[PDB]
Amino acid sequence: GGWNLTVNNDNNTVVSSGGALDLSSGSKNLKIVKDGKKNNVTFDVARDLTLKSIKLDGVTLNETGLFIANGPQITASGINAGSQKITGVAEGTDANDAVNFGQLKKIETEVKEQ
């Protein structure tokens, strides 16, 4: 006595009378806490994770960046707007700011009589 342990319905491993079982974490992403006074074990996910990828339906975040299926991609090579409009853009003020359509139309109306 002697109880049987299974994991994911694998085979019995006996934990015998006077025997032992060790529970361990594979990485810093999973915390397992126990002390020497009580049997109690607490498991948790780290609040700062290190991951290879995350899938959220058509949204993927990975080591290269953010990808949305049939949508934008954001990587170290830059922003791909996904063949979609970019909306909510404040007017550009510096040479290296994006311009919005209101700015383009102002210059169009000027150039036609300037």
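The first residue of the sequence shown is number 1, and the count goes up from there.
J.: Going by the mean C-alpha B-factor recorded in the entry, which is higher: 7-15 or 98-106?
T.: Taking the mean B-factor of the alpha carbons in each, 98-106 is higher.
J.: Tell me which stretch, 29-37 or 80-88, has the higher mean Cα B-factor listed in the entry.
T.: Result of the comparison: 29-37.
J.: Which third of the chain holds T50 when residues are ordered by C-alpha B factor: lowest, middle or highest?
T.: Answer is middle: the recorded C-alpha B-factor places it there.
J.: In terms of the chain's CA B-factor thirds, is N70 lowest, middle or highest?
T.: According to the entry, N70 has a C-alpha B-factor in the chain's highest third.
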